[PDB]
Structures are given as C-alpha cells and as structure tokens.
Amino acid sequence: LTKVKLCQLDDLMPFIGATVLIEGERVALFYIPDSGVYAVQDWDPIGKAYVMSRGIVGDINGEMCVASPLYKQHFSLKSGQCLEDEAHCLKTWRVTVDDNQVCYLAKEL
C-alpha cells in the first residue's frame, strides 16, 4: 500500500520515455496525458539492451504501446504484453501521481 517518491511529473515529457531505477531494476517511465504514468522494464527482451525508453509510443486498436527502437516489436504500456510475439512481456510497476509527485507502489512487512 506504500508509495515511494520516484520523480516530479515535469521531469517527464509527454509520450517520451524517461529511465529511472526502482530498487535496482531498469525502468522506463511513460507519461500519457489522458492516462497518467506507466512504467515498464527498460531492457528489451528481444534486442537485448536497455532501450525501451527510446521507443516510439503510439496507439494500436486503442490501448497504446511502445515500439522497441531495435527490432520494432510493440509492447503494451499497461500489461507489458508484446503484440507480435505472445511469448514476450515486459515487467510492470504500479505507479501513481498525487500532486506532481510520481511514486511507485511497494510492499512491506
């Protein structure tokens, strides 16, 4: 239920990936004006390189995804599922924006 300050919303350009680190893992933040902020692993599972922050965002049958800047596969920003290879999926992180504070939701105990 707890949230950890990640970055300021104006650190994020609309539709343009910003890399950040969440407890050691490479994460790509994508601010979508109408939707909020989505986080996905920055490492491209098919292409092998931290490069997802550099992928072009666009809409595909509605719900939008990010195209890897390497072998062009499309990955859903919400679920992480790759559209052209049901075998690949990007790791996701729950994210919220209160004032202009972008946080990620963690656990505890």
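General observations
- Within the stretch 30-56, the set of residues being within 20 Å of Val102 (Cβ to Cβ), out of contact with any strand residue (DSSP E or B) (no Cβ under 7 Å at 6 or more places or on another chain) and among the charged types (D, E, K, R) comprises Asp34, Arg54.
- Candidates are the residues of the stretch 72-84 that are polar (S, T, N, Q) and part of a strand (DSSP E or B); the one that is surrounded by the most Cβ atoms within 10 Å (Cβ to Cβ) is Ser76.
- Filter result (surrounded by 14 or more Cβ atoms within 10 Å (Cβ to Cβ) and not hydroxyl-bearing (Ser, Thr, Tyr)) within the stretch 85-100: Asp85, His88, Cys89, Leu90, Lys91, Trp93, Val95, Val97
- Scope the stretch 25-48; condition farther than 22 Å from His88 by Cβ and loosely packed, with under 15 Cβ neighbours inside 10 Å; matching residues: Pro33, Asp34, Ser35, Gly36
- Residue match in the stretch 42-60 (condition: out of contact with any helix residue (DSSP H, G or I) (no Cβ under 9 Å at 6 or more places or on another chain), under 25 Å from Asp85 (Cα atoms) and of a type in the set (S, T, N, Q)): yes
- Some residue of the stretch 76-86 being in contact (Cβ under 8 Å) with a residue 24 or more places away in the chain and over 14 Å from the mean Cα position of the chain (by Cα): yes
- Candidates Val102, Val40, filtered to the one that is in a strand (DSSP E or B), of a type in the set (A, V, I, L, M) and more than 11 Å from the chain's Cα centre (by Cα): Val102
- Scanning the stretch 1-32 for residues that are farther than 18 Å from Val51 by Cα and not in a strand (DSSP E or B) returns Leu1, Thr2, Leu9, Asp10, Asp11, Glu23.
- Among the residues of the stretch 49-71, just one is loosely packed, with under 15 Cβ neighbours inside 10 Å, β-branched (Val, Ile, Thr) and assigned to a strand (DSSP E or B), namely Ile56.
- Qualifying position, being at negative phi, out of contact with any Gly (no Cβ under 9 Å at 6 or more places or on another chain) and not hydrophobic (A, V, I, L, M, F, W, C), among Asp98, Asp44: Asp98
Quick reminder, even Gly has a Cβ in these numbers, built from the backbone with ideal geometry, and neighbours come from all protein chains shown. Read-outs throughout are calculated quantities, based only on the coordinates presented, and are distinct from any laboratory measurement.
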